[PDB]
């Protein structure tokens, strides 16, 4: 069997798998549903949820604007897959890969480049917002609607949305990173979801890779927590190493000193638990990183943090 491994990367050499920014810190959370759809991959390399491989694809959209309606979510964007191929709403996924997996507003920019009969090759770009609370946020069905800055400089042409940050909506719908959008809109149930994750052994908590992402006004901290970073997902996809048991024991090491600072359980479906009680932001040395130790089972007792 090909041996399992992690890439050797410090926290600042890691990308959040749920928003296209670096990891800032590690955080373990008090128990009490975690069911994110980006940043989902098994240790033997099976992508799940809406997870795809490119960091620049996370919370991005690609397609064409085809209509406008007289509502706040004005501009109707018919989606393609991020690689430009035609999107199939009957595929066994929750939504096009890369679609945001939280309730809130994503802010960034839209850009267009004309094709066909109308001024082919002409371009434009401007600030835009996507509300995942919108009744027109129906990416599983094949479209989302955009709010933009200048309604007079926008055409029915090929369009890309590049995310920059997140926020609460100004009408009081809050940014809730653990609440899934309704991918097919009002009165529909989400399907083909990656499953919820939780500790299943006494005294254990989830460990997250945390980023503080940009916000566009107000005091929101911009916290987005992922289960495993994007480079680990990319690595597992390449390696496809067989999982020899349900849990990989991993050690956080300081390579300068060679010491192990703490240990953790990396579960086969792609998340980490540690032995601790209470919310705790880790403050650990900058050169620190995890290494694979050995395969153990679900009932292995971790050294307390």
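Numbering follows the first chain given and starts at 1.
According to the entry, the stretch of the deposited sequence that connects residue 70 to residue 71 contains no residue lacking coordinates, so the chain runs unbroken between them. Relative to its counterpart among 116-124 and 207-215, 116-124 has the higher mean temperature factor, C-alpha atoms as listed in the PDB entry. Set 97-105 against 84-92 and average the Cα temperature factors; 84-92 ends up higher. The PDB entry assigns its highest CA temperature factor, among 26, 36, 253, 272, to 253. Highest CA B-factor among 142, 163, 158, 202, as stated in the entry: 202. Split the chain's modelled residues into thirds by C-alpha temperature factor. Residue 43 is in the middle one. When the CA B factors of the chain's modelled residues are split into thirds, the value for residue 229 lands in the lowest one. For residue 14, the recorded CA B-factor ranks within the lowest third of the chain. Only modelled residues enter the ranking. Compared with the other modelled residues of the chain, the Cα B-factor recorded for residue 266 ranks in the middle third. Annotation for residue 237: C-alpha temperature factor in the middle third relative to the rest of the modelled chain, per the entry.
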